[PDB]
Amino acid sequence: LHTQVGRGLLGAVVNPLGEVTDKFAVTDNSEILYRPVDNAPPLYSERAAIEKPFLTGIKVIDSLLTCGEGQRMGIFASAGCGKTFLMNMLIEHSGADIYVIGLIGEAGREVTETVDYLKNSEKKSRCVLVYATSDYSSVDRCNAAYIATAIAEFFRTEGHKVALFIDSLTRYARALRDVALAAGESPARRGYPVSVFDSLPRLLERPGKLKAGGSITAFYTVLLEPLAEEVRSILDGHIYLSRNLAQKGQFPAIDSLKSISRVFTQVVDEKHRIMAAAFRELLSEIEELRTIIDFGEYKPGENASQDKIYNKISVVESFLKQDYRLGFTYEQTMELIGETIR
């Protein structure tokens, strides 16, 4: 019910008991303080309105799905689809002050995959990893998410721009269902006033930007295969990783036409907003021609409008794809997308 926080956790891997068990980086600072894991959410009067962009360095996101400081964004994918590789990019190419990663219920050579990644990351000195493998109990698998959030909340009160990753909400929700059985309750025959099922919106309401402090921009992963629609109505947007786009060699497999950032128009300016709308129309026209092509109905020179759209497919695909080791500045992204829409 209380856990370690502070700058002394930077570079450390913490287990569901709040103990440091490993380090992927060692830091000068030793500050270790103690805070409760069940913090209340910010009153509406303490939250600031989301109005500043959280740049990710990912071209399709920064242009068409622009995130905001304090936003909570879902990442929806069937494994895999590359959900883990997209998050690695989000860590590597964004510009947060501090990254806090929570691996819930993952097999556990998965955690070493991530520790090893963090061990070689340029952001190693500003990450904290909280983990829970599959051997740990459902109470412990749940507690990893609560501990990661409390750690992130401390850094936000200190004024830091924090990014939080919970992977995954699905296995969290599964462990959450197991915990509910201990209380005698199931999704249909649920408890009141306290159900573990309503622990889900409370955990998700903790991110945001404080008027008197920093911000927590949170990314929650959801594994596709009903959990997704409730999380969908709680969050401020969702990124959809497509089984189709991965098989065709498009990474990141983000389907822009099925993804949205609801604060988009509050966090980019007008000259951005016009280019994004024009590009979204170009994608929609490319898909419609794909189905004309698959139907064997496209013939060059027959329809000048289709021919122009056809010759744009390669430059749009070139903009969409991104080498996972490459990050792009906002100016670079807007310059590239404008040439695409030219």
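The first residue of the shown sequence is 1; numbering continues from there.
In the deposited entry, the stretch joining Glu225 to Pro226 is interrupted by 4 to 9 residues of the deposited sequence lacking coordinates. A summary of the deposited B-factors shows that, of 33-41 and 52-60, the stretch with the larger mean C-alpha value is 33-41. For the pair 278-286 and 300-308, the record assigns the higher mean C-alpha temperature factor to 300-308. Highest CA B-factor among the listed residues (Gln250, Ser256, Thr157, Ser121): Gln250. In the PDB entry, the Cα temperature factor peaks, among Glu270, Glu92, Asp178, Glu153, at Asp178. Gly213 sits in the lowest third of its chain by CA B factor, as recorded in the PDB entry. Remark: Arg206 belongs to the middle third of its chain, ranked by C-alpha B-factor as recorded. Sort the chain's modelled residues by C-alpha temperature factor and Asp323 lands in the lowest third, per the entry. When all modelled residues of the chain are sorted by CA temperature factor, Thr291 is found within the middle third.
In the deposited entry, the Cα temperature factor of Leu10 places it in the lowest third of its chain's modelled residues.
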